[PDB]
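What follows is a pair of forms of the same protein chain, given separately as structure tokens and numbered structure 1 and structure 2.
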Structure 1
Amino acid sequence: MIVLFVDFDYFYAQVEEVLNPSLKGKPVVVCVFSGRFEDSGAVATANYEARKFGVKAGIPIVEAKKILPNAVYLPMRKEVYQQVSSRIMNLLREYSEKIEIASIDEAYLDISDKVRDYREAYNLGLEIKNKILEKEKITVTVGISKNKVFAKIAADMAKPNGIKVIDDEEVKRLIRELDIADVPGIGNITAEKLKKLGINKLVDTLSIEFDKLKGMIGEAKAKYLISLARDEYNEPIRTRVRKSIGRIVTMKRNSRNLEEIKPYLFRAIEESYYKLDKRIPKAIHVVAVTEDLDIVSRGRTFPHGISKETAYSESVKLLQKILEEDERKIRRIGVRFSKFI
């Protein structure tokens, strides 16, 4: 199996440079203004110029500005990015029927029927980079290898505007030298729990008792790692189907007065139904984020698809259930639909 991976570079920012070239070279930060107060909200992503000086995904727009008072600040235009993306993705489908769109900016291509070796792949990666650079003027990073994981790993080692290949040999190496927290799907909480066991590389998972690992990071993640450690990882590139759609919004002011929260819940639903677009959900969850930033949600499954009228009524019940079962005030309120027919 041969996997070619495409990761668009600093995507939201880049699309913004493409829409306004007079931005190339300058620091650009794509934000998500929450609305509570002047510049309240986080940073979605910034081009590399802005990353150098410490501005990056996650930090507050408030901090961001103290550091780069002149960097160009722009509101996240998700819609636009999503359309530009789809176009890019299509260009990809012209290189393999087996395509796994993973995110608005990542895609996996099983090209084990279009090349015979990594060289022929490399040349394909180059072809793909340039074809995307012409058509959409967007630079990307390619990662090629034996399975979706390492190909991604490859691409991280190269971005931006790069292209790398990890041969079955470098895999044996990485399995031995690569920091485990750098392995896809392994976040901070699991990275930590792994260092707390002395496990720092993929290999290390092989020298530990299984029921021990499983008890610390769960059965699924336990198996997932062991399988990589053994280079026994092969997972088909499959069409990924979104399994749930939702929306959650930050209220102007914390509260727990049912009638004050409703309007938001309802807008959250409307925006969610628009997004559902012909998909009929059989499950609804109302999600609340309390003042201390904790998350509390209550859902319910129906033996039939849910109409917008039903969502409205059921969501209020679930919201009440929340207020009853928790005393904290709500900061952000939202809804989530799933289990489509």
Structure 2
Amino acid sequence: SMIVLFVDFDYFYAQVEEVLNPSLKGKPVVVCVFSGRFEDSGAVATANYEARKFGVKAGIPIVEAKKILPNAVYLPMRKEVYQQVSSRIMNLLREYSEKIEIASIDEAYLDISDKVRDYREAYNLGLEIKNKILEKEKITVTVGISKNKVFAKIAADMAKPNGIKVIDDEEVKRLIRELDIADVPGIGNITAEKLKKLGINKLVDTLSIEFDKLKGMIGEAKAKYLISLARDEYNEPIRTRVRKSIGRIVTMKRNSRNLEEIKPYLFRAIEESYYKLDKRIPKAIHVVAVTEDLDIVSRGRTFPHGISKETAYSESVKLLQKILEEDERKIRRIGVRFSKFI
């Protein structure tokens, strides 16, 4: 009882550039966010399987990427192109079950309990999903099928890319015992290391250790949740994610601490955040500053009414002003985030 079907687009951004650009078949492809500063200032957002065999990965500096593969194909992120392709697949997804939780620009969880009898009909539903998506958008996905959200995700990780994998109630048990902890959704590097010292290498170890000695560390929320996976008791429903804050953040030319030159960046993040809102009026604004050393500093302000675009303008300067005088360091990035919509 309770069948969750999970869908993750493989090397999404790079795959979309491949479908668009037949001249990139075969070779390696590295989609980057270019800073606008120096030559190859920036970071990597994704790489195809061919790029990833060589270490080139999401998050490393572009400069480093080019140390490894000086001649992969390097491409600027075109966020709104993957956004179009993404919403088109999300809609195809939406036809198979009303109960859909969109989790990022490239993964979605389907609850299929009323639409199939057991896993055998699911895995088939899985194949239909895949093929229909590849037909209409020429994009390969991976399908994960399990008893809850988290093991749906894990199942897709084991069969990525282009593929499909079921994890029945039994295999849940093996993975509770013998699967590596960092491979648990919502657990990457920093929290592996938070436990890598601690003696915990698999989910089970968490039951073999005191509760507060975990609570205190990675934090109560994270401790509870993992313990729930250990006990095989996770049962979080599939609900429509609602976007809580929409924002923009842009890197400046020559990072500085003069308000009059910082000002025009600040205002562009505002236009584009309004752009985004889309008929949504927030009550809250935060001015976000990234410093010369890269130590994020944020000041906001909540209003009992919604914030007009113009009030967003003047109000931002006041919050910018506050930062300029409580943190001492120069400013490299500047932005705004809007939240608590009407």
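Throughout, rigid core stands for the largest set of C-alpha atoms superposing within 1.5 Å between the two forms. Just so we're on the same page, residue numbers count up from 1 along structure 1's sequence.
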* To do: Have a look at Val316, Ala283, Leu68, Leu276 and give me the residue whose C-alpha moves 2 Å or more between the two structures, with the fit done on the rigid core.
  => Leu68
* Structure fact -> Taking the rigid core as reference, the Cα of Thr239 travels between the two structures a distance in Å of 0.6
* Shift in Å of the C-alpha at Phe53 between the two structures after core superposition -> 2.6
* Taking the rigid core as the frame, how far in Å does the Cα of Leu19 move between the two structures? -> 1.1
